[PDB]
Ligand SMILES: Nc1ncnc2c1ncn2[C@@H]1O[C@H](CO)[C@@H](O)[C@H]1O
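Below sits a lone chain in structure tokens, taken as the form solved without the ligand.
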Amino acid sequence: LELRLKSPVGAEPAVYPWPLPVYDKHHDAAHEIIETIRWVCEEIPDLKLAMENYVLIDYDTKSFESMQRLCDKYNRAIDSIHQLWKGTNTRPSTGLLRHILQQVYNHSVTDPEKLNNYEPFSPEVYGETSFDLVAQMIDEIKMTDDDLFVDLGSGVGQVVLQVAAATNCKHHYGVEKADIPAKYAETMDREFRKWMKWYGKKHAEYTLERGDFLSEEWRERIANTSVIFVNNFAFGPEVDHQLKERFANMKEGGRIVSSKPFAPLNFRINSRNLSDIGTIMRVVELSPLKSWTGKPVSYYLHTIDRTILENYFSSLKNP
């Protein structure tokens, strides 16, 4: 007993077992199937035309026969479209990408309790505000093929996957130390590549790896990164201190996007604070509220700029 969805680009079909998996109290694989069919119909108008539209109204998620009929109508419509295309890879839309990331998560993180994460902006709630805030961050930073993006403490790798599907960075890296999210990240990686191929969508190169971003090997890797993403909101003072030391080796114009600033927003260089990281980096608070109707959230953009320090010294020598 199983259900199959043919790929719109002729990749291997998506296969679901019956009874269909349940994700939470109000979400399951049956809703995922219906939403997948709807998304494919949306971005392939010929499919929407060939598809018997009533089938998306009259379905019963608790009936194997009804769900099989729904999948069959979609599969026949896919077949008709493939016949039309017989007779003579872009990036996913923001809406499709939100769907893909949720789908990759539900097929990968089968036991979300094992994460032991009770925090806001955690893998289990990525769809609520994280996805929208990360999308805003992507639009604001405007990365190119010369950039290298790194998420320090990448969890199950959701930020890396979103950024890789949206930008043309040379490479995207996610580094995670904890065993359970790093293990889940391996499945997220496989599931993302599989689903992106199923939809026929392109993504930039990325790597999800297990490691300690405070290690010796990661010192030079942070120094060579042009865009660091770090959810440091709950980090201790020792980790924060160690991170500022790593950032102090970054190149001019290197950027850090974070949930808590690494230097004060109103930093004023003087003879008593020449040690502070604020001497070599600009910091700005970015808020989507400044057509955002979600949570009143903010993030912090840091830009390596050693002319802050140079200007202080030239001002002492040129009074």
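One-based numbering along the sequence shown.
What comes next is about the form solved in complex with the ligand, which does not appear here.
Asker: Three or more ligand atoms within 2.4 Å of backbone or C-beta counts as blocked, none as open; so place the ligand from its pose in the deposited complex by superposing the site C-alphas and call it.
Answerer: After C-alpha superposition the pocket is open.
Asker: Which of 148, 178, 81, 96 has a heavy atom within 4.5 Å of the ligand in the deposited complex?
Answerer: Filtering the options by heavy-atom distance leaves 178.
Asker: Looking at 72, 217, 212, 139 here, can you tell me which has any non-hydrogen atom within 4.5 angstroms of the ligand in the deposited complex?
Answerer: Contact residue from the list: 212.
Asker: From the candidate stretches 200-208, 72-80, 165-173, 228-236, select the single one in contact with the ligand in the deposited complex, where contact means a heavy atom within 4.5 Å.
Answerer: Flagged stretch: 228-236.
Asker: Check whether residue 155 has any heavy atom within 4.5 Å of a heavy atom of the ligand in the deposited complex, and answer yes or no.
Answerer: Judged by the heavy-atom cut-off of 4.5 Å, residue 155 is in contact with the ligand in the deposited complex.
Asker: Using a 4.5 Å heavy atom cutoff, which residues in 298-317 contact the ligand in the deposited complex? It's fine if the answer is none.
Answerer: Read in sequence order, no residue approaches the ligand (within 4.5 Å, in the deposited complex).
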